[PDB]
Enquirer: 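The structure that follows is given in the form of structure tokens.
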Amino acid sequence: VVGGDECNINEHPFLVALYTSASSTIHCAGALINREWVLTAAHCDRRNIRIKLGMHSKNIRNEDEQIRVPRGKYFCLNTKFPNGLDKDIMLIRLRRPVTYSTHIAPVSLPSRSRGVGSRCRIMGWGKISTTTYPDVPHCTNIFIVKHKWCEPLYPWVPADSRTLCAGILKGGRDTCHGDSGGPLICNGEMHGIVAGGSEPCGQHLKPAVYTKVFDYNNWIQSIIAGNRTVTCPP
Ligand SMILES: *C[C@@](*)(O)[C@H](CCCNC(N)=[NH2+])NC(=O)[C@@H]1CCCN1C(=O)[C@H](N)Cc1ccccc1
Ligand SMILES: *[C@@H]1O[C@H](CO)[C@@H](O)[C@H](O)[C@H]1NC(C)=O
């Protein structure tokens with residue numbers, strides 16, 4: 001994330017970090033949903049995902065840090081593009097659950113649908129300048145801007161797709177490489193999964209795309225419950 005600071009150590013207990021069995025670099029984040037389920041971006045998928053929960057600093061371990069691996073991964077299959085980017089979202093089922101604690105806590109799924117001009121916060125362990133990865137997660141605040149801004153810049157995001165266009169129109173504040181799959185939090189609920197935006201990050205007049213979690217609420221809840229024939233919202 002760019003144009004923000006270190007996150008308060010207790011503000012991100014649902015933030016999980018994704019890296020691969022082969023590499024220690026965080027390639028994406030995600031959100032803990034209940035003891036056994038993480039929500040994240042489809043393009044974050046890889047062959048041997050590892051998930052670190054209850055982390056803040058890459059270097060100073062926490063009491064309650066946990067490493068997990070996937071047992072199930074679940075996608076939208078009815079997507080407007082073969083690569084599935086128009087609907088960048090995925091659910092992972094953890095091999096063993098976790099137990100909650102100060103730094104491990106389920107985020108809250110939206111309840112009402114919130115829109116343009118709301119105040120939202122972004123977090124993650126992705127890039128903070130031109131080529132640096134911070135060792136602690138950074139956070140800042142953005143707003144939902146009007147979709148119009150995103151459409152023209154991102155083909156994979158058609159008009160009236162299920163996304164929130166968000167950022168700071170003037171530059172400085174935005175997510176970046178490696179933030180994918182991390183929550184966009186508004187009124188203490190996850191309204192957003194980081195999908196993408198422009199490279200380099202936070203450039204003038206160039207908001208980013210967040211999968212509108214609220215739309216997938218039912219899809220998410222069937223998937224959790226055990227249903228395997230359910231489809232993503234059209
Ligand atoms: C995979 C994620 O780390 C990453 C999120 C980066 C978002 N950054 C900014 N500036 N807000 N997503 C990207 O790499 C995604 C997946 C691959 C393509 N992509 C992009 O951001 C492209 N530049 C195009 C894009 C795809 C989907 C939605 C919007 C834009
Ligand atoms: C499974 O999937 C769909 C959800 O729309 C539906 O046909 C069915 O009611 C679901 N429930 C169960 C218990 O299989």
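For reference, positions follow the sequence shown, starting with 1. Both ligands and their constituent atoms are indexed starting at 1 by order of listing. All values below were derived from every heavy atom in this structure, side-chain atoms included, with hydrogens, water molecules and symmetry-related copies excluded.
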Enquirer: Indicate the atoms forming the closest heavy-atom contact of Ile144 with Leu164, along with that distance.
Expert: CD1-CD1, 4.4 Å

Enquirer: Answer yes or no: does an N/O atom from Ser180 fall short of 3.5 Å to an N/O atom of ligand 1?
Expert: yes

Enquirer: Where do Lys87 and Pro234 come nearest, in terms of heavy atoms and distance?
Expert: NZ-C, 3.5 Å

Enquirer: If you have a sec, work out which protein heavy atom is nearest atom 18 (C) of ligand 1 and how many Å separate them, to one decimal?
Expert: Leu85 CD1, 4.8 Å

Enquirer: As an exercise, identify every atom of ligand 1 less than 4.0 angstrom from a heavy atom of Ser198.
Expert: 10 (N)

Enquirer: Tell me which one of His43, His177, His27 gets a heavy atom nearest to atom 13 (C) of ligand 1.
Expert: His43

Enquirer: Select one of side chain, backbone, both or neither to describe which atoms of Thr175 lie under 4.0 Å from any atom of ligand 1, heavy atoms only.
Expert: both

Enquirer: May I ask you to establish whether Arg162 and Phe214 are in a cation-pi arrangement, using a distance under 6.0 Å from NZ or CZ to the six-membered ring centre and at most 45° from the ring axis?
Expert: no

Enquirer: Calculate, to the nearest 0.5 Å, the distance between atoms NE2 and CG belonging to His103 and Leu15 respectively.
Expert: 12.5 Å

Enquirer: Is the closest N or O pair between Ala195 and ligand 1 shorter than 3.5 Å?
Expert: yes

Enquirer: If you compare all heavy atoms of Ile89 against all heavy atoms of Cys76, which two are closest, and at what distance to 0.1 Å?
Expert: CG2-SG, 3.8 Å

Enquirer: Does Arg93 count as lying over the ring of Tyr74, i.e. NZ or CZ under 6.0 Å from the six-ring centre, within 45 degrees of the axis?
Expert: no

Enquirer: Minimum heavy-atom separation for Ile49 to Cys44, with atom names?
Expert: CD1-O, 3.5 Å

Enquirer: Could you tell me whether some N/O pair between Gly197 and ligand 1 is separated by less than 3.5 angstrom?
Expert: yes

Enquirer: Would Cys176 count as a contact residue for ligand 1, given that I'm defining contact as a non-hydrogen atom of the residue lying under 4.0 Å from a ligand atom?
Expert: yes

Enquirer: Checking side-chain hydrogen bond (donor to acceptor under 3.5 Å, both in side chains) against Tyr210, which of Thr175, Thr163, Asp88 comes through?
Expert: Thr175

Enquirer: Taking the side chain as every heavy atom from C-beta outward, state whether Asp86 and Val157 have any atom pair closer than 4.5 Å.
Expert: no

Enquirer: May I have a table of the N/O to N/O pairs between ligand 2 and the protein that fall below 3.5 Å, each row giving the two atom names and the distance to 0.1 Å?
Expert:
unit_1, atom_1, unit_2, atom_2, d
ligand 2, 2 (O), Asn227, OD1, 2.8
ligand 2, 2 (O), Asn227, ND2, 2.3
ligand 2, 2 (O), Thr229, OG1, 3.4
ligand 2, 11 (N), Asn227, ND2, 2.9
ligand 2, 14 (O), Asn227, ND2, 3.4

Enquirer: Is there at least one pair of N or O atoms, one from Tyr210 and one from ligand 1, spaced under 3.5 Å apart?
Expert: no

Enquirer: Of all the non-hydrogen atoms in the protein, which one sits nearest to atom 26 (C) of ligand 1, and at what distance?
Expert: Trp156 CD1, 4.1 Å

Enquirer: What residues form a side chain to side chain contact (heavy atoms under 4.5 Å, CB included) with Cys176, not counting sequence neighbours?
Expert: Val2, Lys127, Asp179, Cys201

Enquirer: Which of these, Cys150, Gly167, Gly196, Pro200, has its nearest heavy atom closest to atom 19 (N) of ligand 1?
Expert: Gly196

Enquirer: Residues two or more places apart in sequence or in another chain: which of them pass side chain to side chain contact (heavy atoms under 4.5 Å, CB included) with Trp156?
Expert: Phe81, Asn83, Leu85

Enquirer: Taking a cutoff of less than 4.0 Å between a non-hydrogen atom of the residue and any ligand atom, is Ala41 in contact with ligand 1?
Expert: no

Enquirer: Please name all residues satisfying side chain to side chain contact (heavy atoms under 4.5 Å, CB included) with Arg61, sequence neighbours left out, ordered by chain then number.
Expert: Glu65

Enquirer: Looking at atom 25 (C) of ligand 1, what's its closest protein heavy atom, distance included?
Expert: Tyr154 CD2, 4.2 Å

Enquirer: For atom 6 (C) of ligand 1, is the nearest protein heavy atom under 4.0 Å away?
Expert: yes

Enquirer: For ligand 1, which part of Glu199 has a heavy atom less than 4.0 Å away: the side chain, the backbone, both, or neither?
Expert: side chain

Enquirer: Any idea how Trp125 and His12 line up, ring-wise: parallel (<30°), tilted (30 to 60°), or perpendicular (>60°)?
Expert: perpendicular

Enquirer: In terms of atom number and element, which parts of ligand 1 are under 4.0 angstrom from non-hydrogen atoms of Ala208?
Expert: 11 (N)

Enquirer: Using a plain distance cutoff, I'd like to know if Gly178 has any nitrogen or oxygen under 3.5 Å from a nitrogen or oxygen of ligand 1.
Expert: yes

Enquirer: What protein heavy atom lies closest to atom 10 (N) of ligand 1? Include the residue and the distance to one decimal.
Expert: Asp174 OD2, 2.8 Å

Enquirer: Checking side chain to side chain donor-acceptor pair (under 3.5 Å) for the pair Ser113/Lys212: CA distance, chi angles, key distance, verdict?
Expert: CA-CA 9 Å; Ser113 175; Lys212 181 163 167 166; 2.5 Å; yes

